[PDB]
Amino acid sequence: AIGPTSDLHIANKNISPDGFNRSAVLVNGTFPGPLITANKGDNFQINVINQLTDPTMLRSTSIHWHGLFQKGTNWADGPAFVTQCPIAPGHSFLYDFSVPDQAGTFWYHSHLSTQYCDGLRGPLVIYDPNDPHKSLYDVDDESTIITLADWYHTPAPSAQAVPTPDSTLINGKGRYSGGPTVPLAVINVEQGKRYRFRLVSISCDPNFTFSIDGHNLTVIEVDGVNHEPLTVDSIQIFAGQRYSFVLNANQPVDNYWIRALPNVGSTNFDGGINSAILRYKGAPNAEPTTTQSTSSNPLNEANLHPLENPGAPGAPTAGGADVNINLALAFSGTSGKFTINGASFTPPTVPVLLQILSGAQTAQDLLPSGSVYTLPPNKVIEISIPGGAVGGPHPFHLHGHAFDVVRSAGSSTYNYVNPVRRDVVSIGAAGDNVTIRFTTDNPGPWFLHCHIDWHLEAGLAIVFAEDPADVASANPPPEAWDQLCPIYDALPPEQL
């Protein structure tokens, strides 16, 4: 693990996490990237060094700190052409920000095109010295991080129209169907001990149905936010979501299968794919022979309730927010592009933040045309995103904010009293009307998009220009940020 001041080298490396050798885009030569840790209230100074050289994937880069609000530091949020131009090959950029009011489980990833699929993704944990759930567990450290990743054998820019993952990597290890039987990830526990496992989806696409043979899971945290403990026997986790769950190692000393079943790709466990191993101290060095019992108590988002200040903002009636926005999704089979209310997001040449700093303060004047929505400050926003467009279920992610999910997928019931509070939500399927609320307490241009990276690349996104009149003042960027676009725009396309 590394601390909140760190020097991250982004470079290409040949790796074989599932036994197939491919060039990747990695942080300090590992997949996943190193765990970044901090304590509540810390200041981050993450110096990102771009040493990329391999022209089969993108060689510029930009890193997003997923789930961190970036109040007053919108310029450090990371989404390319929304809050910055990319860091050019050979150049560096210091992400300098603070987290005064957040503690929980997060992650970081490239936010340039589909580059994070090529390997630039890792976990980020902000610990709370006064964690209200601390009495529920004994162990919470780097050994209790569980990353779930999809992995591809072809570089991201070579993507088929509908890419499909080759393997599931748990803590960086896993197998592909028909591939070598490489060692699976092992998570070691001591009988009688209680573990805070921090489950991080760093997926580019599949959701995972996560379970551990013979063990219930007590969910205590959702996308960085403390929730009332909820015991389940399986968790369906969508791209970019995080859960902390407490596991009580109260079963016989043995090896137990950890299961992460994707919704796309190989949807079984044959030959140890989509699997890892929970090993009790004293158990043999062997693979499990446990079997899966049918989930009778799967996690339902409708049962998650925030531990602190439960309750959605605004009046507890439908459309009873200050601003009400409905997002209609479509997909063109001929062009392969997604649209939101008729507009496909294409990255603008001038990043949205720079446009605003340059005087573009209206939806009419902000690029890309039709994709940028202005919001007034200190108001309650309600967003509905009905499901149904192809490629689902789409997990939508809002930057700069956590939101309250007043209506979740698979339910027609509204909850304003204690709905789940998180930052990535599945919008479900045709017939769902997933609805979220948040308060505009954070000026800046904030991305809202499907976190399936292939769909984001195909245009499934909008930008909220929240309080554009204040944005320059509240987010005054450092000189290093001013130089990013001049450097980037001087690049010939050959060098990207």
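Sequential numbering from 1, following the sequence displayed.
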property: Stretch with the greater mean C-alpha B-factor as recorded in the entry, comparing 425 to 433 against 35 to 43; result: 35 to 43
property: Comparing 297 to 305 with 88 to 96, the one whose average Cα B-factor in the PDB entry is higher; result: 297 to 305
property: Options 368, 183, 172, 206 - largest CA temperature factor per the record; result: 183
property: Largest Cα B-factor, entry values, listed residues 394, 134, 198, 397; result: 134
property: Residue 272 by Cα B-factor - lowest, middle or highest third of the modelled chain; result: highest
property: Ranked C-alpha temperature factor of residue 155 among modelled chain residues, by third; result: middle
property: Among modelled residues of the same chain, the CA temperature factor third for residue 320; result: highest
property: Entry-reported Cα temperature factor of residue 375, expressed as the chain third it lands in; result: lowest
property: Among modelled residues of the same chain, the CA temperature factor third for residue 470; result: highest
